[PDB]
Each structure stands twice: as C-alpha cells, then as structure tokens.
C-alpha cells in the first residue's frame, strides 16, 4: 500500500494546503527523507466520508506507513517514520530535544494578550534569547551543521510566530538575535519548507478567530 498522510486544508478550499504546523512537521519529515507518498487534504469544516472512516474523531495529521494502520499525533508519526525509514537520519540527540520548547506557547499567550504590561512579550523574548544563545554556540541548526527532527518541529512554529505576530501586533523577532535569524533564514528557504509552508493568508485566517 501507499505511504499516505492526511493534513488540514484551507477552510472552504479542499485543494489548498492549510496551516497546521503539526501537519507541516510530518510533511517536512517525508520530504527530507525523500519518501514517495500521497498527501490527502481535508477541510475540517466539511469533513468527507472517506476521511471520517480513517479518522472518526477528525484529528490531523494522520499517517499510514503503507501497512493500512492509520496513526495520529505528529510526535508519534515522526518517530515511526524515523524507525521505519532510518536513512537519511533526522535523529536529534536527546540533550537538545527540548531546545525552544516554550516558544510556541509563549507566542500564543503574547498573541492573545490585550494587556501590554502582563509580561507576555518579555517572556517570549526571553525564550528567543535562550534559543539565540543555543544556536550561537551549537548551530546553525538545533543539532549543529545538519537539519534534524527538532528543526522540523520548531521551524513551522517559528513561521507561525513570524507571520501572525507581524500581522496582529506589528511585532517581529528582533534582528539583534542574529543566530535565530540565521536559523529561520536557512530553514525557511529549504526546498522542503518552501514546498510545505501555508500561504500567509491561510495562516492569518486560522489564528484570526483565536485572537
């Protein structure tokens, strides 16, 4: 059987890739391992029969490694892919697994903050400062010279942060964090990232109802 992945479509546009960063992580993994696969798009606001059969509870992403067993959760999927298709390796050493882990929740909290003295901007800045210090010493990626699984997780999250904070707050990752900027410049210009990133509008339109 085919290698398959179901991911989120744009709302009301079932043939346009949507803005799920967990879905993007899986797509990045498949692209970087140069595995042959089929991406199936699902508009979650109008879920088709065929999709409800595979994923009754309407979760994305869901993945089929070619054995007929659909599995959920991008943490699970990416490790199943690593175990099943080990070459080329994307293993991130465990010492660096939690690098950047608080950035995405801090971004969401700041995005929602209607209070400009509530400490959320500084909290995000401090996490970015920590990532900058990490990348300066052990970069250019989380695990040095080569892209690994942790980058394919964090990269989509930083892309959401960039696009959404600029749109809603006019806030950008400051350019004095030169190692963070080298990192996003490099990651976002990878062929796999260019191919799998959502259009900006489709990402803004997803966060819009949540702000």
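Numbering follows the first chain given and starts at 1.
When 114-122 is weighed against 81-89, 114-122 comes out higher, by mean CA B-factor as recorded in the entry. Looking at 72-80 and 137-145 together, the entry lists the larger mean B-factor for 137-145, computed on C-alpha atoms. Of the candidates 185, 167, 172, 47, the deposited coordinates give 47 the top C-alpha B factor. Within the group 40, 34, 160, 181, the record's highest C-alpha temperature factor is found at 34.
Sorting the modelled residues of the chain by their CA temperature factor places residue 128 in the lowest third. Per-chain ranking of the deposited C-alpha B factor places residue 5 in the lowest third. In the deposited entry, the Cα temperature factor of residue 54 sits in the top third of values across the chain's modelled residues. Per the PDB record, residue ranking by Cα B-factor puts residue 18 in the lowest third of the chain.
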